[PDB]
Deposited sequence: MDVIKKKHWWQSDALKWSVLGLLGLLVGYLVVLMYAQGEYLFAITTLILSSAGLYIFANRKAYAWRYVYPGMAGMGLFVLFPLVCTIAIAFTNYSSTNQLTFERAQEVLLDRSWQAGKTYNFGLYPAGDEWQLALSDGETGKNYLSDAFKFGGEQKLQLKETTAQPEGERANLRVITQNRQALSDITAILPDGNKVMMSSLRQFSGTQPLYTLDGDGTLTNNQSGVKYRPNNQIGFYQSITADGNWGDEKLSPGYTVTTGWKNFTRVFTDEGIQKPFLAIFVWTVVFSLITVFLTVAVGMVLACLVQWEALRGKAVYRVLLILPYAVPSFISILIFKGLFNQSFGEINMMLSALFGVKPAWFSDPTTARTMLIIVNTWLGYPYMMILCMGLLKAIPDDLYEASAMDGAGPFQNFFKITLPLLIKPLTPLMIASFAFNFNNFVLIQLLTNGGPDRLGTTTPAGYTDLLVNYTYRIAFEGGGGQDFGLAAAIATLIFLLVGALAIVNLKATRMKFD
């Protein structure tokens, strides 16, 4: 048996890292990461410290995983919902400021340059293409910020022209050189081939105002919309915009816009029904198949078993697109079979109800194996002597299913059916790949389809709908549809 002092040695070494890592995170600038690591580690060390928190030893590791990869992404999405974070306003203020101060304008001329060895030193040559004039500096050495007087020359430099390698190796020192032409114009390296009168488009003042060096227009940060705006405001705004807090703006945009509210009730009804029918058909098929495939009188059950789960073995992406091909109204093997047999060609994409029916069929095909696998395990919890008892009471298969099997499975299967409802409530992928939400609901100013779920219609407004990618709005709606799906699962 391991020593009692070793428990304090294991907790001591683990308590050594917490502190050596925490204070290390406090440096550079990782405060959010330092607070989370401390509260979580302390919780763990205390749980394993005292015997009274024994039950929490079984729960802690799993809750830490859920906190880090489920809750942390949950809180971020909600936090983003209070901001204008989007394609238009994607940068932080610091980064947006850095981008603008990096911008430049061409204030003067552009000159092709060459570098020529003058012993151990160098000479810079500039060529002016518009006047046919050439310029040559005195001998100089690389290193640090320096200025070079150039003299107009009709001659050639003595050294052989330096290749692209020498220019690249020495590019830092070369970019620190300010070259001055005889006319008085200033010129600096702007490429590996040229020097030019390129200058910064803006200058920072100190109080906060950026001023344009070409036009003279002054700009100030407008933290309400997340843009630098001209100046007490003008009308011109500068891209890139930056992320700023907007409060309830994203939330009220859903609760004010009548455009996006018109089809809400009709869409909500569909998504609720689509999810309920899926869960019902997938559980029903899943359970019946699981019962059959453990039935001892079924001679080939071990083969049937594997074949039945294969729709779940292949990634659903390719399968959904094949169903798209299968369900095609004119071509596709389903309606080509239905024309040869019954003499009918259902409007799988045109008619709303037939489209809704196709979606249910495909979702059942995709969904039943999940439920079948669940039921396969859950069935093993039912003791065999209960079926021995029911046989002695004269029960057959149908009586067994409804009197013993189903009543005993419904309780463990309830939370799984509820989670499946919530999953299918937000089944974005299946709708977008198969139907696009089609067919179209005529009249909808903010475009809505008949098979559109609340997830499809809404994300079309945030990510499509000609306003870039509105992450803040997308997050706020995600928060609203979470509150709705949590309210239904009551």
- Missing residue ranges, deposited sequence indexing starting at 1: 1-9, 241-244, 504-514
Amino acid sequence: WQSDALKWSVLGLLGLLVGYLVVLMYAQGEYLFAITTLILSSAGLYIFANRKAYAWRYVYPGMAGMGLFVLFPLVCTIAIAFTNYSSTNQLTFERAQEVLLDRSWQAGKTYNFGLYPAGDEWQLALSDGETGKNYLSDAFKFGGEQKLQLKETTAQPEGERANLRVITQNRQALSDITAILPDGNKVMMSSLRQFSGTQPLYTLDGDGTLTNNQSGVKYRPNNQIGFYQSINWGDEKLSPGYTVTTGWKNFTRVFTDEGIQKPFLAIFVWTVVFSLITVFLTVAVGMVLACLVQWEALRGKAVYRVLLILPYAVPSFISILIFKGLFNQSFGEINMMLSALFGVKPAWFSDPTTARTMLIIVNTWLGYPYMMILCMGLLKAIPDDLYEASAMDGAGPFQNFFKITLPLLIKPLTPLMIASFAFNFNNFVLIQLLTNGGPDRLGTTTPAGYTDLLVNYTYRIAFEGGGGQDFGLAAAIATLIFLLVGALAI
From here on, numbers count along this sequence of modelled residues.
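We call the rigid core whatever largest set of C-alpha positions still superposes within 1.5 Å between the two forms.
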- After fitting on the rigid core, which stretch moves more in 4 other deposited structures of this protein, 44-52 or 57-65, going by C-alpha RMS? 44-52
- Do you reckon 388-396 or 237-245 strays further from the shown form in 4 other deposited structures of this protein, measuring C-alpha RMS after a core fit? 388-396
- Out of 75-83 and 173-181, which stretch has the higher average CA B-factor listed in the record? 75-83
- Once you work out the mean C-alpha B-factor for both 339-347 and 183-191 from the entry, which is higher? 339-347
- From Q156, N250, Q399, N134, the top C-alpha temperature factor is at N250
- Message: For the CA B factor values reported in this entry, which option in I47, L434, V59, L453 has the top one?
- Response: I47
- Relative to the other modelled residues of the same chain, rank the CA B-factor of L442 and answer lowest, middle or highest third. highest
- Message: How does the C-alpha B factor of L308 compare with the rest of the chain: lowest, middle or highest third?
- Response: lowest
- Divide the modelled residues of the chain into thirds by Cα B-factor and specify which third, lowest, middle or highest, holds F463. middle
- Task: Can you work out whether the C-alpha temperature factor of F425 puts it in the lowest, middle or highest third of the chain?
- Result: middle
- Query: Ranked by Cα temperature factor within the chain, is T110 in the lowest third, the middle third or the highest third?
  - Reply: lowest
